[PDB]
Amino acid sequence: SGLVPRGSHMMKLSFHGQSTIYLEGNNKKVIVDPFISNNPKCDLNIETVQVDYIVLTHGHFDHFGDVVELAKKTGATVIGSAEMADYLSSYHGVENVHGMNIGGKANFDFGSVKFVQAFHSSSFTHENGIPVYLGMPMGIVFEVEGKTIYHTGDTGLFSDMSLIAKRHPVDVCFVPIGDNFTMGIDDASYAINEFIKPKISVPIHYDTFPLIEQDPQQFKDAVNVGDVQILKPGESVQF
């Protein structure tokens, strides 16, 4: 316990399938949208994953994923909408939640989390077929170890992507390309070129299901600003 915490390195930021990202800030571990056990393309394993924090963009099954079991096993704090925190706390018995809402910023030991708007939906559907409403869907702006990371969440194209990116210039943007349920290739590449203009773009939310199969090279070819890193599950952003 007398050992000094591990010193600085290249910021750790990895993609794990669908909308799942993992990052470390000040030796704390953060995961977004942990769809691990039910995504066969996800390289993570809920028995071995180490996390201090879980952040949810919205409540759909392919983002909510293993949050309850993961939080209960790790003691991780779950960060989400006010509705998401009350649902996790009062319906699922998750002990450590932090409710926020759009535009809200919070400072944690790992860095900062700010929720931003998205155009999508947010619910988890129960056995009777009734969606449970879990707030407006959101994107995330992280400030971690000097890096600004914008995870758009599941979203359609919107011009305030430019307002988010102007007010919070972006090192890394994770942007969905799968179409049907989100932007496709054309809208995502327009989002990056016209509005966000990050240093690095990573396409997300494709191939997990047949309906959202896409060739991410068509995204790369359409992006004219910064660098595109087409990450396979398990791969880290190179800064």
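So that there is no doubt, residue numbering starts at 1 and follows the sequence shown.
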item: Greater mean Cα temperature factor according to the PDB record, 6 to 14 or 222 to 230; value: 6 to 14
item: Comparing 126 to 134 with 161 to 169, the one whose average Cα B-factor in the PDB entry is higher; value: 126 to 134
item: From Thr148, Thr155, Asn101, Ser90, residue of greatest CA B-factor; value: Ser90
item: Most elevated Cα B-factor in the entry, residues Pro203, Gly184, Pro198, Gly65; value: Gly65
item: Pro40 - which third its CA temperature factor falls in, relative to the rest of the chain; value: highest
item: Modelled-residue ranking by C-alpha temperature factor, third containing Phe108; value: highest
item: Entry-reported Cα temperature factor of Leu56, expressed as the chain third it lands in; value: lowest
item: Within-chain third of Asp33 by Cα B-factor, per the entry; value: middle
item: Modelled-residue ranking by C-alpha temperature factor, third containing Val175; value: lowest
